[PDB]
Structure formats: C-alpha cells, structure tokens
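Undergrad:
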Amino acid sequence: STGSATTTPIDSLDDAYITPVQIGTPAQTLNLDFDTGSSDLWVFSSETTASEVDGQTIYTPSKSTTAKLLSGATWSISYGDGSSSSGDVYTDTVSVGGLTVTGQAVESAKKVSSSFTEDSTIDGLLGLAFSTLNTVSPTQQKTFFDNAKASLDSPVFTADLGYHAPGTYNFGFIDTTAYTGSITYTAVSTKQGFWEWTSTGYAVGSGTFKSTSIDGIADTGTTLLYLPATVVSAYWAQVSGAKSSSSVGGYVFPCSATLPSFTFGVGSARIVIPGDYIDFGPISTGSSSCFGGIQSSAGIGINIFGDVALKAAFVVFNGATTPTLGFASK
C-alpha cells in the first residue's frame with residue numbers, strides 16, 4: 001500500500017504545516033501537525049477542557065463506530081518549547097492520503113497548554129519519530145508509520161515541505177519526479193528515539209564550506225534551524241545589523257536586509273537553504289526588526305534540523321531494519 005497527502009503552511013511565515021487526517025467511522029477529518037520529532041498521535045477532542053478549545057476541529061469518539069476506549073491508558077507529553085498536552089486513549093481507524101491503519105492509538109486530549117489553544121489551525125499532532133518515545137502508559141503505543149510499515153510497498157515516508165506553498169507527505173514510495181539529482185543517504189542513530197544524523201558541515205552564502213560534524217535531528221515539527229552557537233554566529237555575522245537579543249529570545253536582523261543562503265552537508269552532497277527561507281518577519285506587528293530562522297541550540301541540548309532546513313530538500317525517512325535518512329535538492 002501507499003499514501004499521499006498534501007501538507008499546507010498554517011500561515012504566511014510557514015510557522016508549521018498541517019495535513020488532513022481521517023479518523024473514525026464515518027471519517028472525522030482533522031488537520032494534524034506531522035512531527036518527526038515526537039511519537040504521539042494526539043487530537044483535540046470532545047474530552048478537551050472547553051476553555052482550552054478555541055476554533056480547533058475536535059474528534060468525538062462517541063460518534064465513531066470503530067472507536068474503542070483503550071482501558072486504563074493515559075498519556076502526557078511536554079515538548080521542547082514548553083508546550084504540553086495530556087489525556088486518555090482510544091483505538092480507531094486512521095487514514096492519511098488513502099493509507100489506512102486499523103487499531104491506531106488516538107490520544108484524546110483532556111488538557112492542552114495555552115500555545116495549542118492559541119493555534120486554531122492545528123487540531124493535534126501525528127508523531128513520526130520512533131515508537132520508543134511514545135508516552136502512553138502503562139502500555140506504550142506505536143506510531144502511525146510503525147503500524148503501517150509492514151503493509152507499505154517500501155518501509156519509508158517522505159517529507160517535501162514547501163516554502164510559502166503546499167507540499168507533500170508520501171508513505172510507502174519515493175516519488176522520483178519530486179526532486180532533482182540524486183538522493184544522498186546518511187546514517188541514523190535511534191538511541192534517543194529521533195531521526196538523528198550527522199551533517200558533514202556548512203557554508204554561509206558564497207563562502208567556503210567548513211567540514212565539521214554536526215549531530216542533530218530531522219524534525220518536521222520544529223519551525224526553525226537550531227545549530228551550535230559557533231555556526232549561528234558565523235551566519236549572522238554576514239548580516240549587517242544582526243544581533244542576538246536576549247529580550248526577544250534569539251537573533252534578530254534589520255527587515256531591510258538581504259539574507260545570505262546557508263548550506264548544510266549530507267555526506268559529500270550539499271543542501272542550499274535560500275536566504276529568504278531564513279526570514280521569519282517582524283518580531284511584532286509593524287516592527288523593522290525581523291526574527292531569524294537560524295538560531296542557537298545552546299541550552300536546547302540538541303541541534304535541530306527543523307522546517308527551515310527540511311523545506312529546502314526532499315527528505316526520505318527510511319524505516320528499514322537499519323533506518324537511514326536521505327536528502328535530495330529539489
């Protein structure tokens with residue numbers, strides 16, 4: 001089997017991407033944030049505290065003839081940005097782009113943090129990291145991909161995120177028309193439950209490539225590119241007037257600037273992030289100070305190749321017995 005679904009930016013800055021997902025019978029379509037940095041499929045629901053729902057579409061398990069309470073199961077997750085959610089668990093039928101999994105754990109939110117409430121466009125998350133990170137207790141549950149894997153034509157999914165435009169998540173096949181050149185594959189460590197890999201270095205603009213190992217994660221659920229302070233300083237030093245602002249919470253730059261590109265290595269291959277991808281717009285409405293898309297990972301404890309990086313590439317998440325990651329230009 002295969003599946004193919006369009007993923008769409010939630011706003012003009014590409015702050016996140018949503019993908020429609022069919023849950024239950026008859027189908028209830030919710031727009032979920034596909035997140036290769038976590039492993040829970042959770043949704044706003046009829047059980048979510050009313051004051052914490054503000055415009056989201058909810059899953060109502062009582063209206064699904066295939067929903068079953070997973071007795072005694074609860075979940076609770078905290079993300080790197082300090083947001084969180086928790087609740088109980090149903091199993092139900094879940095389909096993405098024509099690919100159907102029966103008996104998928106659908107984690108129903110009873111509580112969500114304010115950041116989730118405030119994002120009316122995101123109805124929940126669909127985790128695509130390794131199932132060892134799944135938070136359901138006392139019986140850990142499998143991700144949608146893990147459940148689908150054996151049925152797929154090939155045990156892969158691909159992320160093809162657009163810049164200010166829709167893109168695609170495919171399951172079970174590699175669309176050879178979706179990228180240019182060849183796909184370069186690189187080793188993955190699953191030790192921390194992430195799609196963790198090591199970039200071979202970087203360049204700023206038209207500058208020389210610096211060969212240096214940068215361990216980090218491919219994370220579709222994180223907006224920005226978080227890299228070591230040395231790398232980030234070298235990037236922003238090429239932008240007149242750019243500075244790290246403790247009050248704002250990262251590097252800012254004059255909105256009048258033209259940003260240089262940023263290149264990252266994948267083995268001997270190179271992925272070029274155009275400068276415009278690194279512009280996240282005014283820090284507040286009407287400001288001439290703009291927020292940067294490349295930020296320091298110091299104090300995160302891990303480097304994160306988030307959407308800023310991934311949207312410059314066609315990315316293969318290869319879930320073979322020994323997982324790997326592939327990157328192509330597009």
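When you number the sequence shown by the entry's author numbering, it's gap-free, plus one each residue, and the end is 330.
The beta-carbon is built from N, C-alpha and C at its ideal position, and this holds for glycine as well.
1) What do you get for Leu69, buried or exposed, if any count of 16 or more other CB atoms within 10 angstroms of its CB means buried?
2) I need the straight-line Cα distance from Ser131 to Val112, nearest angstrom please.
3) Got a sec, what are the start and stop residues for the alpha helix (DSSP H) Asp307 sits in?
4) By Cβ distance, which residues of its chain are closer than 7 Å to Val188, with the 5 residues on each side in sequence left out?
5) How should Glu107 be labelled, buried or exposed, when 16 other C-beta atoms within 10 angstroms of its C-beta is the threshold for buried?
6) Touch check for the stretch 83-91 and the stretch 12-22: three-plus C-beta pairs under 8 Å?
7) Is it buried or exposed, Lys142, if we count other Cβ atoms within 10 angstroms and call 16 or more buried?
8) Taking C-alpha atoms, which residue in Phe145, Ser329, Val136 and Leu128 lies nearest to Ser182?
9) Helix, strand or coil for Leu70, going by three-state DSSP, please let me know.
10) If you run the structure through DSSP and keep just helix, strand and coil, what is residue 376?
11) Could you work out which residue in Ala309, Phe173, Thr285 and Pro166 is closest to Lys149 when comparing CA atoms only?
12) My output table needs one value for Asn134: the three-state DSSP class, helix, strand or coil.
13) Assess, as a yes-or-no matter, whether the stretch 110-130 is touched by the stretch 33-42 under the definition of 3 or more beta carbon pairs within less than 8 Å.
14) Take residue 334 as the anchor and find which of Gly293, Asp219 and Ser1 has the nearest alpha-carbon.
15) Give me, in chain order, the residues of the same chain whose beta-carbon lies closer than 6 Å to that of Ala312; leave out the 5 immediate sequence neighbours on both sides.
16) Tell me which residues share the same chain as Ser199 and place their Cβ nearer than 6 Å to its Cβ, disregarding the 5 neighbours each side in the sequence.
17) Could you tell me whether the stretch 52-63 touches the stretch 207-223, where touching means 3 or more Cβ pairs closer than 8 Å?
18) Could you tell me the distance, in whole angstroms, from the CA atom of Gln140 to the CA atom of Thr321?
19) Could you check what DSSP says for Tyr179 in three-state terms: helix, strand or coil?
20) Is it buried or exposed for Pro166, if we count other Cβ within 10 angstroms and need 16 for buried?
21) What are the start and end residues of the beta strand (DSSP E) that includes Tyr235?
22) Using 9 Å as the threshold, is the C-beta distance between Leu227 and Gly216 below it?
23) Given this structure, state the Cα-to-Cα distance separating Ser151 from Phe291, to the nearest angstrom.
24) Using alpha carbons as the reference points, say which of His164, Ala159 and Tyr90 lies closest to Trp42.
25) Going by alpha carbons, who is nearest to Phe305 out of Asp276, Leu224 and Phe171?
26) So what does DSSP say about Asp54, is it helix, strand or coil?
27) Whole angstroms is fine: what's the gap from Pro260's alpha carbon to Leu310's?
28) Just mark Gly24 as buried or exposed, buried being the case when its beta carbon has 16 or more other beta carbons within 10 Å.
29) Note down, in chain order, each residue of its chain lying with its Cβ closer than 7 Å to the Cβ of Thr102, except the 5 sequence neighbours on either side.
30) First and last residue of the beta strand (DSSP E) that includes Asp146?
31) Are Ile10 and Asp119 close, meaning C-beta to C-beta below 9 Å?
32) To the nearest angstrom, how far is the alpha carbon of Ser38 from that of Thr190?
TA: Looking at the coordinates:
1) Counting Cβ neighbours within 10 Å, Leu69 comes out exposed, since fewer than 16 surround it.
2) Looking at the two C-alpha atoms, the distance is approximately 22 Å.
3) Here the alpha helix (DSSP H) through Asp307 covers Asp307 to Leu310.
4) The beta carbon of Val188 sits closer than 7 Å to the beta carbons of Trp195, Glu196, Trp197, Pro323, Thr324 and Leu325 from its chain, once the five residues preceding and following it are set aside; these are given in chain order.
5) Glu107 counts as buried, since no fewer than 16 other beta carbons sit within 10 angstroms of its beta carbon.
6) By the criterion of at least three beta-carbon pairs nearer than 8 Å, the stretch 83-91 is not in contact with the stretch 12-22.
7) It counts as buried.
8) Comparing Cα-Cα distances from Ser182 to each of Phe145, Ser329, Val136 and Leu128, the minimum goes to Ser329.
9) Correct three-state label for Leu70: strand.
10) Residue coverage of the chain in this structure runs from 1 to 330, which leaves residue 376 outside it and unanswerable.
11) Nearest option by C-alpha distance: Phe173.
12) Per DSSP, reduced to three states, the secondary structure at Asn134 is coil, with no helix or strand assignment.
13) Three or more beta-carbon pairs separated by less than 8 Å link the stretch 33-42 to the stretch 110-130, which places the two stretches in contact.
14) The question about residue 334 has no answer, for the chain in this structure spans 1 to 330.
15) The residues are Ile271 and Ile273.
16) Contacts found: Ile214, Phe264 and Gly265.
17) Of all C-beta pairs linking the stretch 52-63 to the stretch 207-223, fewer than three are shorter than 8 Å, placing the two stretches out of contact.
18) Rounded to the nearest angstrom, the two C-alpha atoms are 20 Å apart.
19) Looking at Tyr179 - three-state DSSP - the assignment turns out to be coil, as it is neither helix nor strand.
20) For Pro166, the number of other beta carbons within 10 angstroms of its own is below 16, and it is reported as exposed.
21) Following the DSSP letters along the chain, one finds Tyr235 in no beta strand (DSSP E) but inside the alpha helix (DSSP H) bounded by residues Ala229 to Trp236.
22) Yes, the pair counts as a contact, with Cβ atoms nearer than the cut-off.
23) If you take the alpha carbons of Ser151 and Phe291, they lie about 43 Å apart.
24) When only C-alpha atoms are compared, the closest one is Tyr90.
25) Checked all of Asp276, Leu224 and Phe171; the closest Cα to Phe305 is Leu224.
26) Correct three-state label for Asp54: coil.
27) Computed Cα separation, rounded: 17 Å.
28) Counting Cβ neighbours within 10 Å, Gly24 comes out buried, since at least 16 surround it.
29) Same-chain partners within the cutoff: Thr93.
30) The continuous stretches of beta strand (DSSP E) do not include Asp146, which lies in the alpha helix (DSSP H) extending over residues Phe144 to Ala148.
31) With contacts defined by Cβ atoms closer than 9 Å, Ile10 and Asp119 form a contacting pair.
32) Linking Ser38 to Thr190 through their CA atoms gives a straight-line distance of about 12 Å.
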